[PDB]
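Visitor: Sharing a structure, written as structure tokens. Questions coming.
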Amino acid sequence: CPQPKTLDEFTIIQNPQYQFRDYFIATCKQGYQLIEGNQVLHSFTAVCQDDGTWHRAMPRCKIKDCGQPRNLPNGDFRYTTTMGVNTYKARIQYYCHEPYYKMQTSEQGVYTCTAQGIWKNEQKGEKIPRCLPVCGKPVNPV
Amino acid sequence: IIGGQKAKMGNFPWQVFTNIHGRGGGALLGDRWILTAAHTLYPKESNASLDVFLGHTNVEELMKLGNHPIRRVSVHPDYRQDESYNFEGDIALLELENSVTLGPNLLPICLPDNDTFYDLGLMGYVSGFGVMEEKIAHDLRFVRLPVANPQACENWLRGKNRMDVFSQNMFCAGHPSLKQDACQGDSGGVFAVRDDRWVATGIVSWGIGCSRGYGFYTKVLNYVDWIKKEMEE
Amino acid sequence: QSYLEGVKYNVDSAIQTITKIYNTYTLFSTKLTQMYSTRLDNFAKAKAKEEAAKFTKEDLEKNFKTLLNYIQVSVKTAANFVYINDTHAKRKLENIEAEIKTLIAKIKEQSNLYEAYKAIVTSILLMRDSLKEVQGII
Ligand SMILES: *[C@@H]1O[C@H](CO)[C@@H](O)[C@H](O)[C@H]1NC(C)=O
């Protein structure tokens, strides 16, 4: 059967001459997603046919969007990379309302888009920080 | 409050309102936890309703800003409303139904840690929406009461001839010379002291007469254990 | 303008009835502030035992047959307004009649005066603050 090709550089080919009954596996880099149209997959398996034509479409391999940050109670965040990007190796930081709130606990509020597809902190995992109410200290006590 | 100046905004953020049985005050800790005198919920003298007002310092807008509901009510077990002349443990915690977002007019107060905040010669503050010197109020009122030597406070009691109780869970603030003193309608506030950390060393428990004398403030430091453990959300 | 010297008045008089209710709560509430007290043992208690008892429901209830009635005649008088800056108002004078006839109902289930002198205490403060915008256009 006719050999396939790599659309982008984001597709390593596993397993020179492909006959009948043969195949080839398709996995993608270290932290990218594989998609063949609009259906999220993980393990691509292209088999050939009789007339020497590959049946399925060789899928593209785009980058894993880590979605929107799980809404934080009393606190926003700033994008420590480019504003509005949720692709690989993006890095963000939640901040509590200062000074009306404060964060529960050494930067360990720093989350980043890992290769899995969910926001993971370097310590606290996916679990976001927590903002508690700061007692006393009125904006104008005396 | 008698002899009290008007309260500007931001000065007393934590201050609450309790139209429960009768008018009275409180304090804010954390965000969903109200502190007030136990007798605000249970007077010594028809079913009541728990209405908490918060945020503003002028009474009108405080009533135009809604009465937050009630989730949990816990009065200290050392309270007896049967005893007509006892106020040991006139302390109580109120959990709000839904938490309030903190801004520079809705901050919470801290708690004392050392007994020191209960020495002899420091100026604390008490705030209430209650009766003024010859009329009622529409604003918040703050006063500057010094904590007194308690030995004289049993002297003052026996000098008035009073078979009341002055448990050491209490300190007493004021002086009979003091024109300024706590009054009725402020019977749930807090003796606010500054280290710049503001803490709630005392709870407005009771006393005799409004102006010119000694007031009895249930000291909270002995109770701080019961507070942290009753804030188990 | 001719319908306003009959609507502007009645609305301003309805506001007159409102502040006449909250100020009564100010004194009445205080007369019970003194009743439930730790400083007044029985020196003012006996005074509040009859003073705060002066306040009845028939008084307050009648204090409503007035507000609603006054707010029900402004809505019936200003039914001539057909343009936008008056027909937008007409209903604001109507939802109030729908907020009044709801408040009167809350009184009718309450059994204690101070319990009924509150279910409205958050209402008729904002209700009066709603009749503050019908002055600008007027
Ligand atoms: C509390 O008292 C201890 C012992 O005197 C002292 O070392 C410490 O500085 C005090 N802390 C405060 C609240 O100032």
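Numbering starts at 1 and runs along the chain as it is shown here.
Method on record in the header is X-ray crystallography, 4.1 Å.
In case you wondered, yes, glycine gets a Cβ from its N, Cα and C as well.
The feature active site, charge relay system is assigned by Swiss-Prot to B:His39, B:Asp90, B:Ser187, with experimental evidence given as support. The disulfide bond annotation in Swiss-Prot covers B:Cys153-B:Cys172, B:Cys183-B:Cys210. The N-linked glycosylation site feature in Swiss-Prot is assigned to B:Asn47, B:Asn114.
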Visitor: Near chain C by Cβ (under 8 Å): which of the recorded positions B:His39, B:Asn114, B:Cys153, B:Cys172, B:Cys210?
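Guide: Out of B:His39, B:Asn114, B:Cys153, B:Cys172, B:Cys210, B:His39, B:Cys210 lie under 8 Å of chain C.
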Visitor: Relative to the Cβ of B:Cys210 (disulfide bond), which residues of the same chain, six or more apart in sequence, are found under 8 Å away?
Guide: B:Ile2, B:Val131, B:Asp181, B:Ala182, B:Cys183, B:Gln184
Visitor: Got a sec? Which of these recorded positions, B:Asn47, B:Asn114, B:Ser187, has the most Cβ atoms within 10 Å?
Guide: B:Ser187
Visitor: Distance check, please: Cα of B:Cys172 (disulfide bond) against Cα of B:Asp90 (active site, charge relay system), rounded to an integer number of angstrom.
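Guide: Distance between the two Cα atoms comes out at 14 Å.
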Visitor: Say you check the Cα of B:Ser187 (active site, charge relay system) against those of the recorded positions B:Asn47, B:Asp90, B:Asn114; which is nearest?
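Guide: For B:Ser187 (active site, charge relay system), the closest Cα among B:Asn47, B:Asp90, B:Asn114 is found at B:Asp90.
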Visitor: Where B:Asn47 (N-linked glycosylation site) and B:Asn114 (N-linked glycosylation site) are concerned, what is their Cα separation in Å, rounded?
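Guide: Between the Cα atoms of B:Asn47 (N-linked glycosylation site) and B:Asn114 (N-linked glycosylation site), the distance comes to 40 Å.
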Visitor: Do me a favour and check the Cα-Cα span between B:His39 (active site, charge relay system) and B:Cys153 (disulfide bond); whole Å is fine.
Guide: 22
Visitor: Near ligand 1, which of the recorded positions B:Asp90, B:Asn114, B:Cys153, B:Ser187, B:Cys210 have CB less than 6 Å from any of its atoms?
Guide: B:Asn114
